[PDB]
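In what follows, a single structure is set out as structure tokens and then discussed.
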Amino acid sequence: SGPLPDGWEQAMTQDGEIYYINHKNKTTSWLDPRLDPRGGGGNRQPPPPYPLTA
């Protein structure tokens with residue numbers, strides 16, 4: 505399959521915090537597509553804005 509649905513993809517930070525990247529909004533998110541079984545979240549400080557290129 506390669507990339508995600510189309511326009512975004514899954515990646516990891518320098519601390520392996522597993523993050524998602526949306527090539528459409530040039531921003532990253534925690535949204536979990538087909539990789540994140542059960543899990544009762546509760547609070548996740550907003551993700552950092554990933555800039556596409558300097």
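The sequence shown begins at 505 in my numbering and counts up by one. We put the CB at the ideal spot given by N, CA and C, even for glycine.
Could you check whether residue j and residue i sit closer than 9 Å to each other, using their CB atoms as the reference points?
{"i": "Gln514", "j": "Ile525", "result": "yes"}
{"i": "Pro509", "j": "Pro537", "result": "yes"}
{"i": "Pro507", "j": "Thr532", "result": "no"}
Go to residue i, then tell me how far its beta strand (DSSP E) extends in each direction, as first and last residue.
{"i": "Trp512", "result": "512-515"}
{"i": "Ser505", "result": "From DSSP, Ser505 is part of no beta strand (DSSP E); its letter is neither H nor E."}
From the DSSP secondary-structure annotation, give me the bridge partner or partners of residue i.
{"i": "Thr532", "result": "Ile525"}
If you measure from the CB of residue i, is any heavy atom of the ligand MN nearer than 8 Å?
{"i": "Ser533", "result": "You won't find the ligand MN in this model; it holds no ligand whatsoever."}
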